[PDB]
Structure formats: structure tokens, C-alpha cells
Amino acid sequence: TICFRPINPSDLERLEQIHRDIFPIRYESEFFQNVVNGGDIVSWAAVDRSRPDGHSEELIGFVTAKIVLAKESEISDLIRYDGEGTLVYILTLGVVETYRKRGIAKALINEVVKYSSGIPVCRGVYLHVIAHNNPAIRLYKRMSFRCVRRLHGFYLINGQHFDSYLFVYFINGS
């Protein structure tokens, strides 16, 4: 049984370790401090309550996101406006390798979409994914995110540029 809870500061070291092991983009300490303290970043952790060795509270998946103003986002021209509209930008999403292919990422995205639906001013959820990340791309397409843009040379990794795709899930009639 996988359970879900907000990220808290006891997750800090685990969160940092997973990120540097599964994302080629490197993040600074202040990002993780911001995630675990709550504040302006919203996040969900996935935990396996049955793990032994006292790791039954260690997260095995996560999603982090922030609320942005729609009018000041890169997809402002795509949205239909109605309070000031906002968007939820998914910052990072990942599942530990031995826990993949069980629907945990789908459940985490659903938690983000459910959250965003509950905000009347919210116009959708969007994210960037690196080109050729086929497991993630298939997931977003499976959950009805639309690819609206290919950003040439978006990511800088070890001195080389890689494309990203911008995926959007439109909400509340936007």
C-alpha cells in the first residue's frame, strides 16, 4: 500500500539524494529547503508503509510544484481567462526506480490536478520534460496533457543542449 502525504523537513536528505541521482539538472540547497518548509511550493510525497529496516516513512516518490500567475507565464496566449488566473507549474516529479510501473507517478499527478481543480482561479497545470524521456512523455500523454511547444536547446547538461517539450493540462474551462 502506497500512501501520500506532504513533504516535511525529515525528507530533506532523501529528497536531495533522489534528485541528484535521477535528474541531470542540478538544484541548489535553497530549492529543497523551500520544498520541505512548505510556503510557496506545494508538494506530495509517496511512501511505502511496508518497507522494513525503519524505512517505512522514507519517500519513494514525489512531485513538487509552484503557483504562478497565468498572465505572466510562457503559455499566457494559450489560456482562456475568467480573480487573477493562475497556473500550477510542476517543478520536479520522480519515482524511485524499484517502485516504477505501479501507477505511483499517475497518482502523484492526479494529486496535483485535484489540487489545482480546487482553486477557482486556476487555469491548468504545466511542466517541461526533456526530449527522448519516453516514460515521462507517455505518462503525460496518458493523462491528457497536450504538448504545445518544443523548446530548442532548453537544457544545459555537461556542455550540451537538449530540447524540452512543454506539456499543459487545461482546467476549469481554460
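Numbers follow the displayed sequence, beginning with 1.
**Q** If I compare the deposited sequence with the modelled residues, how many are absent between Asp82 and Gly83: none, 1 to 3, 4 to 9, or 10 or more?
**A** Gap between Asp82 and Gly83: 1 to 3 residues without coordinates.
**Q** Quick check: 70-78 versus 95-103, which has the larger average CA B-factor in the record?
**A** On average, C-alpha B-factors are higher across 70-78.
**Q** If you average the Cα B factors in the entry, which is higher, 155-163 or 19-27?
**A** On average, C-alpha B-factors are higher across 155-163.
**Q** Going by the entry, which of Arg149, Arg146, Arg142, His128 has the most elevated CA B factor?
**A** Spelled out: the listed residue with the top C-alpha B-factor is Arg142.
**Q** Could you look up the Cα B-factor of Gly124 in the entry and say which third of the chain it sits in: lowest, middle or highest?
**A** Middle third of the chain for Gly124's C-alpha B-factor.
**Q** Give the position of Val168 by CA B-factor within its chain, expressed as the lowest, middle or highest third.
**A** Lowest third of the chain for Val168's C-alpha B-factor.
**Q** Could you look up the Cα B-factor of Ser116 in the entry and say which third of the chain it sits in: lowest, middle or highest?
**A** Answer is middle: the recorded C-alpha B-factor places it there.
**Q** Would you mind checking where the Cα B-factor of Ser56 ranks among the modelled residues of its chain, as the lowest, middle or highest third?
**A** Highest third of the chain for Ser56's C-alpha B-factor.
**Q** Compare the C-alpha B factor of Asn37 with those of the other modelled residues in its chain, then answer lowest, middle or highest third.
**A** Highest third, going by the recorded CA B-factors of the chain.
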